[PDB]
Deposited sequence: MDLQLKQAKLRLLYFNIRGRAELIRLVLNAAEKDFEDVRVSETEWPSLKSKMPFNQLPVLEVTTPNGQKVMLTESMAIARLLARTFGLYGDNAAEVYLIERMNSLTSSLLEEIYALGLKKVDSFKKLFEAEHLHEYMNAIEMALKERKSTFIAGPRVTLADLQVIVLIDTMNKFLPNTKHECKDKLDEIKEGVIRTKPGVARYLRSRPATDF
């Protein structure tokens, strides 16, 4: 039942984009936990989908220290499990509420931005951006949920990179407040700083 994730061998299977696995890559790099970052092309996906017991990516393939292979699914469930394992998910339920309130807003905004890339909404987008900006201005701590980085600050990085690609010229005050969080993650999580500098430059 306990996968012993600190020691376990970890392989992340996803496409060669940031997308919905970037948050997992950021948690593992923040924790300085090594993993195989396996980037799958859509040319390779049909054959991989046929031999493996899953139908969507990302999957985290865990090999426990005792040799047991377990395939984990559901991107945010994986990210939260890894964050809890490596001390990136707060210390009590009140802090976790702050994490999860912000992640609800930023996850929803991410999915709205993703859906508008090729469909053809600044109002629905503005609503999320105002809520995020408001929470960031009201906080009484350096990071979203307290004095130290948690999963919510890591997902802010995902959100910034998505707004830069999908909404480059959008000029909302929330962008500056998000960038402040990112600056603090880079300062305090040298594994993230190095990863962002070295990761593949991708469009999405």
> In sequence order, what intervals of the deposited sequence carry no C-alpha positions?
Replying inline: 121-128
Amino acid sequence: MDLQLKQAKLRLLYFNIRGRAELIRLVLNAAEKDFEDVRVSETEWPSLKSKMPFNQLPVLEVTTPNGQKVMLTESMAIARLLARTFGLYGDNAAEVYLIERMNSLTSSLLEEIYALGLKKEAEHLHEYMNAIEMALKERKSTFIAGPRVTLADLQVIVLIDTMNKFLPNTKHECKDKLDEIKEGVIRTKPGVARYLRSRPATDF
From here on, numbers count along this sequence of modelled residues.
> Averaging C-alpha B-factors over each stretch, which comes out higher, 140-148 or 51-59?
Replying inline: 51-59
> If you average the Cα B factors in the entry, which is higher, 42-50 or 28-36?
Replying inline: 42-50
> Where does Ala8 sit by CA temperature factor within its chain: lowest, middle or highest third?
Replying inline: lowest
> With respect to C-alpha B-factor, does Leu118 fall in the lowest, middle or highest third of the chain as deposited?
Replying inline: highest
>> Where does the C-alpha B-factor of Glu127 rank in its chain, lowest, middle or highest third?
In response: highest
> What third of its chain's C-alpha B-factors does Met76 belong to: lowest, middle or highest?
Replying inline: lowest
> Against its chain's modelled residues, does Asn66's Cα B factor rank lowest, middle or highest third?
Replying inline: middle
